[PDB]
Structure formats: structure tokens, C-alpha cells
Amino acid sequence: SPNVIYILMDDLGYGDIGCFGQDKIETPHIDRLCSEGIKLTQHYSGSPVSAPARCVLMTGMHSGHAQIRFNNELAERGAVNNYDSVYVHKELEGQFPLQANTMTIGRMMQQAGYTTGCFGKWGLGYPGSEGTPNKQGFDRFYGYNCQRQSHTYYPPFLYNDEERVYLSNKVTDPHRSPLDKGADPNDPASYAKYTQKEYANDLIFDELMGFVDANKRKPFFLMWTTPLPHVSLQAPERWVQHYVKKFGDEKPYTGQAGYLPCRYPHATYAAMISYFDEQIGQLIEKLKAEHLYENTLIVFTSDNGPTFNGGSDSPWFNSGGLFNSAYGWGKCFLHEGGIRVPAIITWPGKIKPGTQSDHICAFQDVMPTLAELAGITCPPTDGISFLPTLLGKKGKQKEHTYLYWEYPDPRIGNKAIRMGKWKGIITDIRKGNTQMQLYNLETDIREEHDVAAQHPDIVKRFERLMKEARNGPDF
């Protein structure tokens, strides 16, 4: 029974990595990983935003049954959106917590005899709540507790388990740090203030690598929940200048769509993804040097589809790959562009290299996949193990009747069903819309041609399945 490294990136689109068609952003170590394992082409998140995605991944329940179904900042506590206030008052930090005793994949692997660690970003409970990493199946945690904190990669502090660790970085509000009055928006000098002493991704990595060196002769389950490449656009100058030389000059980003200004927004979005690629490069080198590559299975995926704000340019990178990535089609919506995420798994000598499965699976399935892989009775779950697909024995791969998603955000409100080629969405639910859009993913992968009027029988089946699939108060 092997080691597991579950690498989860943040707002990385279907087509943001070379082996899913990315032309501009170099992902050598990620492509090398693909070439040495199975590429999943119909792998879905729990949600088109972070907290419910990670809730589904951890709990093994789908977005219609899950504890957390939207990004909930608990603003009743006070000035949660003020970074000065959050620096002083940890009671204002982070997001709605998981309940105490919640069976998470971390806790499952723990009572399976695995040393467990999470490194990067949490988002599933505020400091001192019953939902902190260390109380939710993780022996070890390091990085951002809070999704709002990670909006800057030079934060004033991070967490080492339950304790804060203060950094040589001035407290900033990345939503309220415009360019100095009458600074030339075309001079890189005017952006220098968005680079401080300690880049969070450096620290998170040093600590993840320390955890590996610490547990090399032990069975370990390690989740690398990096906040990259979530905006703001901050990356080492080495990696930025690589892409300024490649892409050439470009219009500066001056914060029009929130987060920090950025002189070279394209070059910097690339730099961010290549920087992280290179970290994966060093991890693999260490696994090999410590003779662990053969006994270590590795997942690489993204928590949701690509974004529309913060100086991101998803259309220019075609970050959605097969799917549209403009606002409405990606992050925050149940269009394929937002919920389908690139997925790679390697287990050398067990998984077959250079292979591909189009098996329909999702974050729910990760719990039972790990339970089967670890030889342990699976807790209750909405998941179906996809270990049979990983090991080439399609003959014993159970299939979902259908997949359900709901994102009951306060503004819009979204429910969706996939069942074979048929993909139904109800959006604008908050505005009182009950009308379903129906897409044939086999003839219409970009979901640009509603055919709900032509299949009243399928719409009705889907309407009933949406009622059966879900728990809790409706919206």
C-alpha cells in the first residue's frame, strides 16, 4: 500500500498545461508527469469555486450533499474584509468551518496508519474553529488558513499547524493597493512595491519538502493545496522576464478587475504556472533520490476552472482548452469550462505511462479511490472508486448514473446534471429562473447550442434527478 501526493492547483484551467493543449505556458515537469501516467479527460471538481470544491474533495460527498456549498466569509463576525483588522484579530480570519468529527480523506488515511500533511491553502475553517487542518485529519499543516489572505503572495504571516508564523512582509490589502498617484503605469519600477521579502510559495515548498525528508521511511498522505495560479499576479522576476522575452511587450494591468496591479499580466500568469511546474520538478528529483518514485502515487489537478478578473486573460491563453473561459463560462459557473479540470495520475510500474481514460469521475470519487488503494473499508460517500481505471481494468470500473453540481452563491445560483453526453444547467436561480439549458457534449463541447426544447423528456428526467440528488434547504 503506497504513499499518495495529491497536488491541487487553484483556478488552473483545463487547457493551462501543455498536455491539455497549452501553446504559450511551458509546463515541462507537468507534461513529463503526464507522459509517465494516465491523463483523465472527463474529471470534474465538486464546485466552480474553492471552498465547496475542497469540501467535496475532503468529505467524499457531492455539492448537493456537502457541508460547504459556497465561499462563506462569516462577515457577521466583523471587519473580515479588512486585512489590518484580520492581522490584529484572528477571530476575523478564514471561512465557514467543517463540523468536528467530519470524516475527511486526511482522517481516513490517518486511521489507515498514514502520517498526513497539507501544504499551501486550507479554506475549510477559521483559526480556532472545529474545522482547522489539524482537527480535520492532518497531523501537519503549513501556509494560508484563509482564502482572503492568499490574495497576496507576500502575506504578513502564515500557519505552522495551529500557530501563526509572522513574516518580514508589511500587512497589505491587495484590493486597495493601486499605483502611487502619478506613477508611470508602463514603468516596471511603479510595481516594485508588490514584491516584498518572503514569497509564500517558497516557504510552503521548503516545508512540504521538509515533511517528505521527515517521513521518507514512513507511509505518508501529502496534499499540496497550492494557491497558484490564483490572482494576484505575483511571481519571481526570473520567471516573469522569461515570458517578457517570449511574449514581448504588453498593456499593463492597473487593477480594473480587482487584486494587485501588474506591469506584464500575461508574462506573470505564465511565470506563476512555470514557477510551480519547476517546484514539481524538484519534488520528483527528491522522490527518485530517496527511491520513493516507484512506491508513490501522485494526483495533479485544479480546484475549479480559469478566472475572469485580477488581470487574468483566460481567452488569450485559451485556459479553458476545449471550453470557453470568458466570465459566465469558467470559474463561478457550472459550464464545463468551470467544473471540468485537468487531471494526471502517476504510479510507476502500476499505472501505464502515456495512457488516457475518458471515465466520468469527480472529487467525490477521490475518497473511495484512496480507501480501495489503502485496502480499507470506505466511509459513507457519494464517490465511486476510479482505481480500476488507473490500473487498466476497465472491466471492473463502476460508472455514475449521473453527476450533480449546485453552486448556491448569493447573486446567481446554479444547478447542473451530467448523464452521458447530456449536460443540463439551471443558472440565474436567485433571479427566480427555473428554465433548464440542455447541451449535447458529444456534438457541442462548448455548450453554445441549447436544445432543451427538443428533449422535454430529458429536461424532466434531469429536473427530478436534481430533487433526488440534493440535501438541506432548496434555493
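Residue indices: 1-based, along the sequence shown.
On average the C-alpha atoms of 27-35 have higher B-factors than those of the other stretch, with 27-35 and 406-414 being the two compared. Just going by the entry, 147-155 versus 238-246 on mean CA temperature factor gives the higher value to 238-246. The entry assigns its greatest Cα B factor, within the set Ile204, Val165, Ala112, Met272, to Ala112. Across the options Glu285, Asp173, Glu73, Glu336, the residue with the most elevated CA B-factor in the record is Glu285.
When the modelled residues of the chain are ordered by their C-alpha B factor, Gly328 lands in the lowest third. When all modelled residues of the chain are sorted by CA temperature factor, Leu373 is found within the highest third.
Among the modelled residues of the chain, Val366 sits in the middle third by CA temperature factor in this PDB entry. When the modelled residues of the chain are ordered by their C-alpha B factor, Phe220 lands in the highest third. Looking at the C-alpha B-factors along this chain, the one for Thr301 belongs to the lowest third.
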